[PDB]
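Take a look at the structure below.
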Amino acid sequence: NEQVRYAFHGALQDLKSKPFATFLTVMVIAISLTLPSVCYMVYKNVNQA
Amino acid sequence: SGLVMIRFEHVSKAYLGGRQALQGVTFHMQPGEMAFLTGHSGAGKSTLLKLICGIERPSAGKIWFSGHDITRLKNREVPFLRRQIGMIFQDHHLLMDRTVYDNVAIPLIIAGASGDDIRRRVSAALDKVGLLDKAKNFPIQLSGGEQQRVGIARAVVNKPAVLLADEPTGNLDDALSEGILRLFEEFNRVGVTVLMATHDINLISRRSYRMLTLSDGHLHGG
Amino acid sequence: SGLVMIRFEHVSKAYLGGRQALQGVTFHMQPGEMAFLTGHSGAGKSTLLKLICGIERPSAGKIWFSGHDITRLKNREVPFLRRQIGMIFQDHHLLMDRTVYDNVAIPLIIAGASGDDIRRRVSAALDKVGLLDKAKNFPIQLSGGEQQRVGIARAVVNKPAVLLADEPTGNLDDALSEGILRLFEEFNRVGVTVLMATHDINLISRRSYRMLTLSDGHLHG
Amino acid sequence: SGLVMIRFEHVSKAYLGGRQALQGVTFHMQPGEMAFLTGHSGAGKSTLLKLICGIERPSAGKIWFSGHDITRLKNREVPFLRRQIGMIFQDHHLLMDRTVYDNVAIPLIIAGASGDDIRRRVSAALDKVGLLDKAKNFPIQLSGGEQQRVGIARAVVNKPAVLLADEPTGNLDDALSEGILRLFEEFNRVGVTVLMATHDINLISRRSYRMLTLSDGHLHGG
Amino acid sequence: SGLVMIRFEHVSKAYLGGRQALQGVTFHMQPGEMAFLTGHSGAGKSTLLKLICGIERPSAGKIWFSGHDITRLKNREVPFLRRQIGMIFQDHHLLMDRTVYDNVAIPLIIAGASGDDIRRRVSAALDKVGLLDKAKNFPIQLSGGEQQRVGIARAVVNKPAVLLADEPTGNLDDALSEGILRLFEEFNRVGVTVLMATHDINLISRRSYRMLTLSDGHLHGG
Amino acid sequence: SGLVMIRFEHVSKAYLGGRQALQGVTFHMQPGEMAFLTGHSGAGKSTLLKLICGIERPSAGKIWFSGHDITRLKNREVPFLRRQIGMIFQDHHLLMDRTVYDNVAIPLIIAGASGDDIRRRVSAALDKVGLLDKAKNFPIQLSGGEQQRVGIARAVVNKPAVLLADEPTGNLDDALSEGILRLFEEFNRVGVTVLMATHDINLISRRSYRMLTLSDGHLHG
Amino acid sequence: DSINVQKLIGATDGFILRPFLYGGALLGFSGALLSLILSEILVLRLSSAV
Ligand SMILES: Nc1ncnc2c1ncn2[C@@H]1O[C@H](COP(=O)(O)OP(=O)(O)OP(O)(O)=S)[C@@H](O)[C@H]1O
Ligand SMILES: Nc1ncnc2c1ncn2[C@@H]1O[C@H](COP(=O)(O)OP(=O)(O)OP(O)(O)=S)[C@@H](O)[C@H]1O
Ligand SMILES: Nc1ncnc2c1ncn2[C@@H]1O[C@H](COP(=O)(O)OP(=O)(O)OP(O)(O)=S)[C@@H](O)[C@H]1O
Ligand SMILES: Nc1ncnc2c1ncn2[C@@H]1O[C@H](COP(=O)(O)OP(=O)(O)OP(O)(O)=S)[C@@H](O)[C@H]1O
Ligand SMILES: Nc1ncnc2c1ncn2[C@@H]1O[C@H](COP(=O)(O)OP(=O)(O)OP(O)(O)=S)[C@@H](O)[C@H]1O
């Protein structure tokens, strides 16, 4: 059970190790769902209209 | 005799290039024996030390570690074979980007140990090698014969049943090499076998330990 | 005297940890001199060899390579300093995923050479070390004493003016160590200075070359 | 134990000058054993190697070669004793006026062999020593450590049951001496004993073979 | 086996400062065995040689000299223990104010011997060491490796059952050191054990004698 | 050249027995030179080191210490000759019934020093050898390799102009012998000449210092 | 280098397949959350235009 604490610690310290690249990657993963989301909203709002 | 810790039968290791690294190596090592593995450059010295850890599999013969045959050890059981084997190479494999404390505490985290359990053992292990009060510094700013002392400290952590030294002190001074050898003798006293492979002439000549003289893959002559 | 190929003034190198690696190392090497750099482990033997290549910069003093000062060489000019320096380390830095022929032709393409020119020089370089008819095979298939032999072959390509060896033959047999040392003489004969830094005792005691003793960063004496 | 190849009982060798070359030498050598015969200059090292070949007869005691006692071997049977013994000295006894091919092919002509039989064995023997494509040159134009390699090639021809090396590599480089020793180990692997007498310190110190330390004619202390 | 001349069981020697000179030294020596006692500087080499003579008493374990236990030997019987022990140190303990003849004749006067008996034995003992015609000169005007030869001559007088050499030839030339070692082998041939403790690398490497490698008070590893 | 610290002319030393210990030993040592005095047992290695301290007087020739002649130095002036000479022997001459602190403060009180002055210098001297926090303990309690370390500490007190070592590390391990030799370099760096006389072969072969070979009383050559 | 050292010391195949597994899962979750928040704010900003 103590094994899954070094796991979280290592993953978090790895993501924070290079915040430049980490932020760049979370941004470009944010874009890839942004438009699918907004296009589903224009799907439902015109469906209601 | 009793429970031979390491035992080869007719072990051969031919590589994908079709050349013989070992040929008919047969020997056994009692639980507590300290031996030297000498030989010329092209002899399968580090090849012999690789088969024991399960890093490489023999092309023939059989290998017995403790009481279990590991000739065709399943890949699931390999990580538990190396947990009983301490490995020291010519150069330290230290992770230079991380503190010595954690760099030594790795094997306990591998096996799974309490946070306070880790604190006690690494402090003790860093003390037997004589390198306490050094646990906070990084491997880069320790001196050349001081990084190796951590490599032994990392290996001796978790009480390995065998240390396999692959030409340690090869880049160390003669005065420092003797000190490392007195360290290995310190561990061999309690319960753990040693198979120090080496090139040094004045290091094995001052001790009365069993010498295994590999020559073109053939193991013992004396 | 003439044109001292390597010359150190009262030089020092303190690292970020605030410890003295070198202290007041002064010496000079003629173009053609072969010397041995010996010392204990805590002596800056590799640090001394690192200042010559521009890998590290001195904290004090002055360093002259050939007839030029390189104490504060700009980062624009370092790659042309290392093109006249042969660098052999204890552990060969061969590229494990690439054939020997392309693992020894690297220095030539660095300066830029013709395909025919590359073929001729590497073939000659691979023959001086005696490892011809071995160029098509990968370094993993060679023995522990030939991978190093390629390392010197890579260093001697482009005809460096100086060969720097950082404890070569440290993982090599005593029979092989003499063979490697006879290789470095073959080069020191023609035009290249050698600064073999080593721990060995029966390799430097069979020769009458200059011995540079480093003790806690203090050279020779 | 089994069939001791070489065995001395109480062998002494006093010469016509009335001085003792050996005194009470007692030892035995198994068929396959490799041993070193060390000692100071005036000790009967080459005297001990002379009694085995039947070149000299003991003044006391008995000598057993294979299963046969050769203490008072009849002069008719001596040439058949030395046919099973390979002899290498400090210097090559090469016949410098004759080609290496025939200089190596001598022992087969001594025993009596077919012309084509001679061609096959000397080519093989010149290959184990690694000196093929050298069979046409004369011993004078081969290098110093290359003439000795033929001397081993001549001895190993006809498959001797024992090589007796009388300080070989005494005029050879340290790098060359190790190569010759790896050659002797190559023969010792298959079936043939070796009794290499030597002075070298760094040659016997790298191997784990039995060492026989003659001192003023007294043979073994360890 | 038979009658072990020297035998330690679990011998430890802790001094008044509370530091361990020896820890669990266990070994035995047959009557005639020649052995080398090597080790680093701080190892109990001369401490081990001190317990045998009864100069120092063990803090634990037992010591057997010949057939008699001398662990708690009574102070009345100590002088008769050392009469069977020859003692040679790194430096000669010669009495420089007195002639070599009497300086060698001391042990017989200690035991009590006839005046003519003393004349015969010291002349013989001065001859085995090769130092006859030197009995009238004083130790000061003999050369450095010549005073030590008397120290062996004094020890070998009265036919000791064991020579204990405490780093002899430590201030002697390499050429002279080998000569002294051939002297010790000369005595070991007849009936007397030797426990030469030493630091020399090229002296023990030329002989095939048992080597006892002390390391921080722990005795044997090979 | 400049001021030769030690200079021997055609010198000889025949003892009362009528035998030649030295014969025609001529050499000179600069102020700062480190040299090795090697030879066999019958060669006057210690006799050569004894003439420098005034312990023995030459039977011929001339001996100059610093800039002064000491060939026939009067018995009134010898104690001031030995105050600039550090004397290390094979066997340490430590006083066994007296603590290390008072066993190293002997040279200071010889010349006469203040109690505060004595405390400061011996504490610094006991720290250069690395044997601080050991001064309160008796020499018998130290290991065989630290009693010698006090011996050098005693010699280096009062800052001698020359260190004379008579086969030190003869009863010391090879690992310890190098440590003692690294100590003598630490002193040869600043201002003190060293005349290490030794039998060792792997201690003098790792350095590039001047080697004075004595063969039957004939020096160098 | 850390992975090689861990495998040599005796780390199991699941010990090495962990920091990454959690890293990837956390990265996906965080990216989806941030993407949804950005989408909501951009649609509510275009609500000004509508
Ligand atoms: N990057 C560094 N940061 C801090 N200290 C360093 C660094 N590199 C070297 N040192 C120190 O510098 C001293 C000498 O270092 P080196 O030059 O490597 O000596 P060296 O061990 O003889 O070289 P080798 O063995 O040929 S690689 C030692 O005390 C090292 O700890
Ligand atoms: N991965 C490999 N592929 C092919 N041949 C190999 C490989 N590893 C080793 N060999 C060969 O195996 C023989 C002996 O193996 P080595 O492990 O290199 O012996 P070694 O060099 O004495 O050990 P070290 O590393 O020097 S202590 C040599 O002929 C090598 O060329
Ligand atoms: N033909 C001989 N006549 C008289 N004495 C001899 C003869 N051959 C050898 N000796 C003596 O025998 C003793 C030892 O014999 P050797 O064979 O000379 O030993 P050895 O010198 O160790 O052997 P080598 O040739 O050096 S490997 C010496 O005292 C020699 O002088
Ligand atoms: N007081 C003395 N009386 C007579 N002869 C002496 C005296 N001191 C030394 N000798 C002789 O002088 C020669 C050389 O003596 P040493 O100077 O002691 O040589 P040494 O043995 O190299 O010195 P060491 O070993 O460093 S103490 C030898 O032949 C000694 O016998
Ligand atoms: N009288 C003593 N009092 C306290 N400790 C001592 C005494 N004699 C020896 N020791 C210690 O015992 C340990 C080993 O004993 P030693 O006899 O000095 O070993 P040794 O130095 O190898 O023998 P030698 O004389 O060098 S051959 C060392 O740690 C010494 O400091």
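Residue numbers start at 1 in each chain; chains themselves are named A, B, ... in the order of the structure tokens; ligands are numbered from 1 in the order shown.
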Give me the residues of chain D that have any atom at most 10 Å from an atom of chain E; for each, the nearest atom pair and the distance in Å, rounded to one decimal. Use only C-alpha atoms, sort by chain and number, and format it as CSV.
residue,atom,partner,partner_atom,distance
D:38,CA,E:206,CA,7.4
D:39,CA,E:206,CA,7.7
D:40,CA,E:206,CA,9.4
D:199,CA,E:206,CA,8.8
D:200,CA,E:206,CA,9.1
D:201,CA,E:206,CA,6.9
D:202,CA,E:205,CA,9.1
D:204,CA,E:205,CA,8.7
D:205,CA,E:205,CA,6.9
D:210,CA,E:208,CA,8.3
D:211,CA,E:208,CA,6.1
D:212,CA,E:208,CA,7.2
D:213,CA,E:207,CA,6.1
D:214,CA,E:207,CA,9.3
D:215,CA,E:182,CA,7.5
D:216,CA,E:182,CA,8.9
D:218,CA,E:189,CA,8.4
D:220,CA,E:208,CA,8.0
D:221,CA,E:209,CA,6.1
D:222,CA,E:209,CA,4.1
Could you report the residues within 6 Å of ligand 3, using only C-alpha atoms and all ligand atoms, as a PyMOL selection string?
chain D and resi 15+17+21+41-47+166-167
Near segment 55-62 of chain E, within 6 Å and counting only C-alpha atoms, which residues show up once chain neighbours fewer than 5 positions away are dropped, as a PDB file with C-alpha atoms, in the first residue's frame?
ATOM      1  CA  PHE E   8      43.155 -20.914  18.611  1.00  0.00           C
ATOM      2  CA  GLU E   9      39.496 -21.482  19.363  1.00  0.00           C
ATOM      3  CA  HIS E  10      37.549 -18.221  19.642  1.00  0.00           C
ATOM      4  CA  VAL E  11      40.411 -16.001  20.725  1.00  0.00           C
ATOM      5  CA  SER E  12      39.748 -12.302  21.263  1.00  0.00           C
ATOM      6  CA  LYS E  13      42.108  -9.662  22.642  1.00  0.00           C
ATOM      7  CA  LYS E  50      52.174 -12.157  21.129  1.00  0.00           C
ATOM      8  CA  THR E  71      44.969 -19.623  27.923  1.00  0.00           C
TER       9      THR E  71
END
Can you list, as number ranges by chain, every protein, DNA or RNA residue that comes within 7 Å of residue 195 of chain D when you count only C-alpha atoms, leaving out same-chain residues fewer than 3 positions away?
D: 34-37, 163-165
Name the residues in contact with residue 2 of chain G at a cut-off of 12 Å, using only C-alpha atoms, excluding same-chain residues fewer than 6 positions from it; report them as a ChimeraX atom specification.
/A:10 /B:93-98,102-103,106-107,110 /G:8-9,11,16
Residues of segment 161-201 of chain E in alpha helix (DSSP H) according to DSSP, as a PDB file with N, CA and C atoms, in the first residue's frame?
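Output contents, as saved in selection.pdb:
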ATOM      1  N   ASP E 174      65.365  -6.221  -0.847  1.00  0.00           N
ATOM      2  CA  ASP E 174      64.635  -7.321  -1.468  1.00  0.00           C
ATOM      3  C   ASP E 174      65.548  -8.511  -1.726  1.00  0.00           C
ATOM      4  N   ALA E 175      66.789  -8.252  -2.138  1.00  0.00           N
ATOM      5  CA  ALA E 175      67.745  -9.337  -2.319  1.00  0.00           C
ATOM      6  C   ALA E 175      68.075 -10.005  -0.991  1.00  0.00           C
ATOM      7  N   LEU E 176      68.170  -9.221   0.084  1.00  0.00           N
ATOM      8  CA  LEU E 176      68.451  -9.796   1.396  1.00  0.00           C
ATOM      9  C   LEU E 176      67.230 -10.487   1.981  1.00  0.00           C
ATOM     10  N   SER E 177      66.029  -9.972   1.700  1.00  0.00           N
ATOM     11  CA  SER E 177      64.820 -10.564   2.260  1.00  0.00           C
ATOM     12  C   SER E 177      64.627 -11.993   1.775  1.00  0.00           C
ATOM     13  N   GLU E 178      64.891 -12.243   0.493  1.00  0.00           N
ATOM     14  CA  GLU E 178      64.772 -13.597  -0.037  1.00  0.00           C
ATOM     15  C   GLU E 178      65.757 -14.538   0.640  1.00  0.00           C
ATOM     16  N   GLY E 179      66.967 -14.057   0.925  1.00  0.00           N
ATOM     17  CA  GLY E 179      67.939 -14.896   1.605  1.00  0.00           C
ATOM     18  C   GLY E 179      67.490 -15.298   2.997  1.00  0.00           C
ATOM     19  N   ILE E 180      66.896 -14.361   3.736  1.00  0.00           N
ATOM     20  CA  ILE E 180      66.373 -14.677   5.062  1.00  0.00           C
ATOM     21  C   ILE E 180      65.245 -15.691   4.961  1.00  0.00           C
ATOM     22  N   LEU E 181      64.365 -15.528   3.973  1.00  0.00           N
ATOM     23  CA  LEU E 181      63.299 -16.500   3.768  1.00  0.00           C
ATOM     24  C   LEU E 181      63.854 -17.870   3.403  1.00  0.00           C
ATOM     25  N   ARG E 182      64.951 -17.944   2.671  1.00  0.00           N
ATOM     26  CA  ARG E 182      65.500 -19.287   2.396  1.00  0.00           C
ATOM     27  C   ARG E 182      66.068 -19.847   3.691  1.00  0.00           C
ATOM     28  N   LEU E 183      66.499 -18.982   4.604  1.00  0.00           N
ATOM     29  CA  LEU E 183      66.949 -19.492   5.896  1.00  0.00           C
ATOM     30  C   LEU E 183      65.800 -20.105   6.682  1.00  0.00           C
ATOM     31  N   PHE E 184      64.651 -19.430   6.713  1.00  0.00           N
ATOM     32  CA  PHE E 184      63.515 -19.951   7.465  1.00  0.00           C
ATOM     33  C   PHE E 184      63.034 -21.269   6.882  1.00  0.00           C
ATOM     34  N   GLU E 185      63.051 -21.387   5.555  1.00  0.00           N
ATOM     35  CA  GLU E 185      62.698 -22.648   4.917  1.00  0.00           C
ATOM     36  C   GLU E 185      63.672 -23.749   5.310  1.00  0.00           C
ATOM     37  N   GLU E 186      64.940 -23.393   5.524  1.00  0.00           N
ATOM     38  CA  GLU E 186      65.935 -24.383   5.926  1.00  0.00           C
ATOM     39  C   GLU E 186      65.580 -25.017   7.259  1.00  0.00           C
ATOM     40  N   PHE E 187      65.136 -24.213   8.222  1.00  0.00           N
ATOM     41  CA  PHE E 187      64.722 -24.753   9.510  1.00  0.00           C
ATOM     42  C   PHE E 187      63.409 -25.508   9.394  1.00  0.00           C
ATOM     43  N   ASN E 188      62.454 -24.974   8.632  1.00  0.00           N
ATOM     44  CA  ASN E 188      61.166 -25.640   8.476  1.00  0.00           C
ATOM     45  C   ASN E 188      61.299 -27.035   7.886  1.00  0.00           C
ATOM     46  N   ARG E 189      62.388 -27.313   7.168  1.00  0.00           N
ATOM     47  CA  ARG E 189      62.539 -28.626   6.554  1.00  0.00           C
ATOM     48  C   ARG E 189      62.655 -29.721   7.600  1.00  0.00           C
ATOM     49  N   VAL E 190      63.354 -29.462   8.705  1.00  0.00           N
ATOM     50  CA  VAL E 190      63.647 -30.570   9.604  1.00  0.00           C
ATOM     51  C   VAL E 190      62.435 -30.882  10.474  1.00  0.00           C
ATOM     52  N   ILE E 201      54.996  -8.272  -0.674  1.00  0.00           N
ATOM     53  CA  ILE E 201      54.116  -8.810  -1.705  1.00  0.00           C
ATOM     54  C   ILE E 201      54.841  -9.831  -2.568  1.00  0.00           C
TER      55      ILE E 201
END
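Distances from C:153, C:70, C:172, C:22 to ligand 2 were compared using only C-alpha atoms and all ligand atoms, and the smallest one belongs to C:172.
What chain F places within 8 Å of chain B, counting only C-alpha atoms, is residues 174, 175, 176 and 178 of chain F.
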Could those residues be written to a file, using N, CA, C and O atoms, as a PDB file, in the first residue's frame?
ATOM      1  N   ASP F 174      50.793  -0.596   2.593  1.00  0.00           N
ATOM      2  CA  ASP F 174      50.938   0.127   1.332  1.00  0.00           C
ATOM      3  C   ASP F 174      49.895   1.229   1.202  1.00  0.00           C
ATOM      4  O   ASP F 174      50.168   2.285   0.620  1.00  0.00           O
ATOM      5  N   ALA F 175      48.685   0.993   1.711  1.00  0.00           N
ATOM      6  CA  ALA F 175      47.678   2.046   1.723  1.00  0.00           C
ATOM      7  C   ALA F 175      48.090   3.191   2.636  1.00  0.00           C
ATOM      8  O   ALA F 175      47.855   4.362   2.322  1.00  0.00           O
ATOM      9  N   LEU F 176      48.695   2.871   3.782  1.00  0.00           N
ATOM     10  CA  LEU F 176      49.148   3.911   4.699  1.00  0.00           C
ATOM     11  C   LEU F 176      50.389   4.620   4.180  1.00  0.00           C
ATOM     12  O   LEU F 176      50.560   5.818   4.424  1.00  0.00           O
ATOM     13  N   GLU F 178      51.252   5.485   1.152  1.00  0.00           N
ATOM     14  CA  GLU F 178      50.896   6.566   0.243  1.00  0.00           C
ATOM     15  C   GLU F 178      50.343   7.762   1.006  1.00  0.00           C
ATOM     16  O   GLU F 178      50.619   8.913   0.653  1.00  0.00           O
TER      17      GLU F 178
END
